[PDB]
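In terms of the entry's author numbering, the sequence shown has 64 at position 64, counting the first letter as 1, and numbering is strictly consecutive. Yeah, the Cβ is synthetic: ideal placement off N, Cα and C, and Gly gets one too. Inspection log for the structure reproduced underneath, given as structure tokens.
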Amino acid sequence: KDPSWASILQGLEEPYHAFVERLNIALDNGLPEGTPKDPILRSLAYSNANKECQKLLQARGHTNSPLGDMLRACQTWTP
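Right, dumping it as structure tokens:
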């Protein structure tokens, strides 16, 4: 059963921060005790982002950057 949080995908018109927030909440609830959240969150923030935000993140070299940088990068994107 793939972790419920691994299936969280950014919607087509969902702002990136809203998506990251849902992801963050899911990880808080679903990660076993002692599992590092931050590296998982960063990885998923990129890999589960919609195509537009993924492009922005790639273009800026933020495919594994701190979450703050990823948030700033996708802010320019408004559905």
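What is the rounded straight-line gap between the Cα of residue i and the Cα of residue j?
i: residue 75; j: residue 17; result: 8 Å
i: residue 24; j: residue 11; result: 15 Å
i: residue 1; j: residue 31; result: 14 Å
i: residue 34; j: residue 28; result: 11 Å
i: residue 61; j: residue 15; result: 20 Å
Please classify residue i: does DSSP put it in a helix, a strand, or coil?
i: residue 43; result: helix
i: residue 77; result: coil
Kindly give me the distance between the Cβ atoms of residue i and residue j, rounded to whole angstroms, as I take these residues to be in contact under 8 Å.
i: residue 46; j: residue 57; result: 6 Å
With a threshold of 8 Å on Cβ separation, who are the neighbours of residue i within its own chain once the five nearest residues in sequence on each side are excluded?
i: residue 13; result: 79
- Which parts of the region 7-69 are runs of the alpha helix (DSSP H), unbroken and 4 residues or longer, counting only runs that do not cross its ends? Complete alpha helix (DSSP H) runs here, min 4: 16-30, 37-47 and 51-59.
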